[PDB]
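Heads up, the thing below is written out as structure tokens.
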């Protein structure tokens, strides 16, 4: 239903230290859900795909979308969530337990 490439769908990186770097925070269904970035697809532990969220960082004028790679530890195994399903279907999530996202960090373009 909702996706991070929907114009009306608001998304960005969590308020940290960089308007173009941080964990992914997407407003869907019920929450500015702090995701583990590699949620939904869970394809790899370090996604070779740094795209699909171009609309997001473009709207943040940070250029191309946040590139993905391990950012050590930023989310909280209670507060944040790891969603599932298919990538682009921001209509279902669950809370961070045990997946491949050891706080995978997105950083708009670079």
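Quick reminder, even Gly has a Cβ in these numbers, built from the backbone with ideal geometry, and neighbours come from all protein chains shown. Here, each number is a calculation from the coordinates, and none is a lab measurement.
Among 67, 51, 79, the largest mean-square fluctuation in a Gaussian network model of the chain (Cα springs under 10 Å) belongs to 79.
Whole number please: convex hull volume per residue, Cα atoms of the range 1-41, in Å³. Before the final figure, lay out each step's value.
Working: hull volume 3.4 nm³, N = 41.
Per-residue hull volume (Cα only) is 82 Å³.
The fraction of all Cα pairs in the chain landing in successive 10 Å bins from 0 to the largest distance is 17, 55, 28, 0, given as whole percents.
Per-residue Cβ neighbour counts within 10 Å put 13, 68, 109 in the sequence 109, 68, 13, beginning with the fewest.
Given R₀ = 25 Å, FRET efficiency for residue 86-residue 109 by Cβ-Cβ distance, to 0.05?
Numbers: r = 25 Å, r/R0 = 0.98.
The computed FRET efficiency comes out at 0.55.
Label 7 Å along Cα→Cβ of residue 30; the range 63-96 residues with amide nitrogen under 19 Å? Counting backbone N atoms under 19 Å from the label point, the list is 76-86, 89-96.
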